[PDB]
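Sequential numbering from 1 along the given sequence is applied to the chain's residues. Excluded from the calculations below are hydrogen atoms, water molecules and symmetry mates; all remaining heavy atoms, backbone and side chain alike, are included.
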Amino acid sequence: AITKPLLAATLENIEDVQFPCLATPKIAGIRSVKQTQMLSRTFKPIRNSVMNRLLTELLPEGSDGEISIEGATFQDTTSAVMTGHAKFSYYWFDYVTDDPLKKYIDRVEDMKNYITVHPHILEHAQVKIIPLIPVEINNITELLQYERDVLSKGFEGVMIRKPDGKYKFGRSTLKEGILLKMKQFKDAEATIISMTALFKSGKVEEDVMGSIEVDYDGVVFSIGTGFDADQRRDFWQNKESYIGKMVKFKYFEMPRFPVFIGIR
């Protein structure tokens, strides 16, 4: 049973991380727990009845996760989930089952096994159930590479958990290291100067952008991650249009691991 969701403490100093740790991507979405029906973080039922019903039928009691409409904006997702009414996803990152004191790695194994018994749940038409199985990170270099990866996939940053952590009915402290949020990359802007192609209906011949070279206050470097296929094609088909455009990107200050965020 769950009395209130598990919340995270903020990781400010990366050197504070107890290393053998389990990481997942920081999702920008609607926190939802399965307890009789789908509940939000305030533990009031999910306003969108179809989402509520669908997920309650699909998920086992004690499920914890995030609802989100894949390529939509946060404000779109918010109104779809939070309005008392399209395809959507549910990143399932925790499963209590019974005993909240059961270690985090173990609850994850419960989720994994449940899926093994019920594979078809990953096959729903409208609802995409995405099991958020953690990555074992061993050092700081691995943590930062992970944030770069995660940011390149469009996530906010990273969520850190100790393997033996319990499901706390409240916010974790930094010392507990049960659940921590990390956004170690810095936001910066750069002007686009040139582009480099990727492959050196029937439109399959056409090439797309592989990387963009940017200025960033005198220091030139390329950004080859952070864009989806759509972006790579658009940037390349109309490259003459983005030259001189300012792009938002992230990187780790001592640029290392640069990642494209957006235009303007």
(request) Report the C-alpha separation of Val247 and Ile192 in whole Å, then their side-chain angles, then the decisive distance to 0.1 Å, and conclude whether the side-chain contact (heavy atoms from CB on, under 4.5 Å) test is met. (result) CA-CA 7 Å; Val247 300; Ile192 304 168; 3.3 Å; yes
(message) Do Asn48 and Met82 have side chains that approach each other closer than 4.5 Å (heavy atoms only, starting at C-beta)?
(response) no
(request) For residues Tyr104 and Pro163, determine if any side-chain heavy atom of one lies less than 4.5 Å from a side-chain heavy atom of the other. (result) no
(request) Identify the heavy atoms of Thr24 and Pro134 that sit nearest to each other, and give their distance. (result) CG2-CA, 3.7 Å
(request) Looking only at non-hydrogen atoms, find the nearest pair between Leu144 and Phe185 and report the distance. (result) O-CZ, 3.4 Å
So, the side chain of [X] versus the backbone of [Y]: is there a donor-acceptor pair under 3.5 Å, distance only?
X      : Y      : answer
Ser79  : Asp76  : yes
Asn52  : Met38  : yes
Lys168 : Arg171 : yes

If you count every heavy atom of other residues, nucleotides or ligands that lies below 6.0 Å from [X] atom [atom1], does the total exceed 12?
X      : atom1 : result
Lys239 : NZ    : yes
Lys183 : NZ    : no
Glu240 : CD    : yes
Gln18  : CD    : no

(message) If you apply the rule salt bridge (charged side-chain N to carboxylate O under 4.0 Å, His left out), what do you find for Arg233 with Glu206, and how did you get there?
(response) CA-CA 9 Å; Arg233 174 256 301 258; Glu206 228 147 36; over 6 Å; no
Measuring from [X]:[atom1] to [Y]:[atom2], what's the distance to the nearest 0.5 Å?
X      : Y      : atom1 : atom2 : value
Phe93  : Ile27  : CZ    : CD1   : 6.5 Å
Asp215 : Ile193 : CG    : CD1   : 6.0 Å
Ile178 : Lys166 : CD1   : NZ    : 3.5 Å

(message) Give me each pair satisfying side chain to side chain donor-acceptor pair (under 3.5 Å) with a member in residues 246-259, each pair once, sequence neighbours excluded.
(response) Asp187-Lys250, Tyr216-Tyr251
(request) Give every residue pair that meets the side chain to side chain donor-acceptor pair (under 3.5 Å) criterion with at least one member in residues 56-70, sequence neighbours excluded. (result) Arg31-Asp64, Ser63-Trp92, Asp64-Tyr167, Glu70-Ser89, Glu70-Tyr91, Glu70-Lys128
Would you tabulate the side-chain donor-acceptor contacts of residues 120-127 under 3.5 Å, counting partners in other chains and residues two or more places apart, or write 'none'?
residue	atom	partner	partner atom	Å
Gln126	NE2	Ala86	O	2.7

(message) I want to know whether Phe257 and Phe252 have ring centres closer than 6.0 Å.
(response) no
(request) Would you mind checking if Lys153 and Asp228 are paired as a salt bridge, meaning a charged N to carboxylate O distance below 4.0 Å? (result) no
(message) Run the side-chain contact (heavy atoms from CB on, under 4.5 Å) test on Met209 and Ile212 for me, step by step, so that the C-alpha distance in whole Å, both residues' side-chain angles and the decisive distance to 0.1 Å come before the verdict.
(response) CA-CA 7 Å; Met209 174 273 284; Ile212 58 169; 3.6 Å; yes
(request) Using the side-chain contact (heavy atoms from CB on, under 4.5 Å) rule, take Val214 and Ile223 through it: C-alpha gap first, then chi angles, then the decisive distance, then the call. (result) CA-CA 7 Å; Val214 298; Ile223 302 186; 4.2 Å; yes
